[PDB]
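So the protein sequences, as listed, match chains W, C and A. So the first sequence is numbered by the authors' numbering: it starts at 1 and just counts up by one. So the second sequence is numbered by the authors' numbering: it starts at 1 and just counts up by one. So the third sequence is numbered by the authors' numbering: it starts at 100 and just counts up by one.
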Amino acid sequence: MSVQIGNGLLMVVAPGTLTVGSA
Amino acid sequence: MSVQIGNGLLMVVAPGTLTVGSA
Amino acid sequence: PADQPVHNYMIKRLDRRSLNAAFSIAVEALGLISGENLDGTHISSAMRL
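Structure representation (structure tokens):
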């Protein structure tokens, strides 16, 4: 009763790298 | 040219549930 | 008087400057793209687009 949907949130913030580089 | 690295971010915020419960 | 050939050595230093931009994101419109609160109806996908 303690593990991974905030430890969810926690690991896979992962598949976001662009946050593009362009205006 | 529109799908999943912000739809990346979007789905798998998932593997984070603790964000522990303890001080 | 005569002369000698003269040399010299110079050292130019680097510089650092970082230009940065920042773009904000909405709060209300956070599900449509997502599926936490996305719903199987037909209007949610339209607002999603």
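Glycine is no exception: its CB is placed at the ideal position from the N, C-alpha and C atoms.
Query: Since residue 13(C) and residue 13(W) are thought to touch, with beta carbons under 8 angstroms apart, how far apart are those beta carbons, to the nearest angstrom?; Result: 7 angstroms
Query: So, are the CB atoms of residue 8(C) and residue 15(W) less than 8 angstroms apart?; Result: yes
Query: For the stretch 126 to 148 of chain A, enumerate the residues whose C-beta is nearer than 8 angstroms to any C-beta of chain C, in chain order.; Result: 132, 133, 134
Query: Give the secondary structure of residue 124(A) by DSSP, where H, G and I count as helix, E and B as strand, and everything else as coil.; Result: coil
Query: Go ahead and pull the three-state DSSP assignment for residue 10(C).; Result: helix
Query: Taking only beta-carbon atoms, is residue 3(C) less than 8 angstroms away from chain W?; Result: no
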